[PDB]
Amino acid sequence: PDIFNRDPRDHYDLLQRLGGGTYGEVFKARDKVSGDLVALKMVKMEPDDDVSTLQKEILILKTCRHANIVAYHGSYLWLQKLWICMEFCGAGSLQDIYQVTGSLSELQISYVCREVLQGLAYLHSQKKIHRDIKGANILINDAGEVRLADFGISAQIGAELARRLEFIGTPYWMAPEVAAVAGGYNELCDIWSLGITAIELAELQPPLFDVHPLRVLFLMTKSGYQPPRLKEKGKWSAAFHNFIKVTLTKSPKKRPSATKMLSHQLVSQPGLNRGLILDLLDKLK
């Protein structure tokens, strides 16, 4: 039994608003019995949403589990709002972190990319394209563990239509074959997004972020679009530059899979562990 017809406040104390976007509004909350901290996400239900589809979406969240994806605990449906209870990730998103710390070290980025690649390899095996890989959608808990905030864009939830169309105002992390579809693309779009995210963690913004989103969207559709590169050449190793070159392969017919990317020297160098992130969180305190 799940998706209870009741106020989540009956079981949880709402402490503070953590943030939100097209995916919903997120709150810090505390289990009234055990005292454990959770994140409660509120998503408004649209008139064309149906609970038969909703039940199928929640079943995917319950069954599909991986160490690099934020765990689902349970859900509520109250006054046309779907409330999702999930694992609390105390440090917030990588964007919340780098806005305070500044750029991540190459080693710290290598660790984050290895963890995200593991989460992506899992989703792609379950035939799920994430389509929303970016620093704001990668969370860090108090143990320095890396978690994808969600499985990516929901295929059949009403509120997620705005998320599916969000690339119009924010196309910077999107693969060119996605922008230039207006025939097709596949799961390798998430590998390009990870490449852009790796530049974002290094430079505090994705490539061309200051260019109007509508101009970027059009530039990606044009023939001759050159994949971005790291700006400061002398700051990064040949292995990091090569990792960017490989993930940002323009043709998806030449771009490696999430599993293959795990064989890259950057993400298989020695000393990659959560201790690198605990050290990043030490700058915060």
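Residue positions are given as counts along the sequence shown, with the first one as 1.
Unmodelled stretch separating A182 from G183: 1 to 3 residues (count of deposited-sequence residues without coordinates). Look at the mean CA B-factor for 241-249 and for 217-225 in the entry; the higher one is 217-225. Averaged over CA atoms, B-factors in the entry run higher in 73-81 than in the other of 128-136 and 73-81. Remark: of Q118, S154, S193, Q99, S154 shows the highest value [criterion: C-alpha B-factor in the PDB entry].
Residue-level inspection of the entry shows that, of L59, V43, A39, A258, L59 has the top Cα B-factor. The deposited CA B-factor of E145 belongs to the middle third of values across its chain. Compared with the other modelled residues of the chain, the Cα B-factor recorded for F88 ranks in the middle third. Placement of the Cα temperature factor of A202 within the chain: lowest third of the modelled residues, per the deposited record. When the modelled residues of the chain are ordered by C-alpha B-factor, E160 sits in the highest third.
Ranked by C-alpha B-factor against the other modelled residues of its chain, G271 falls in the highest third.
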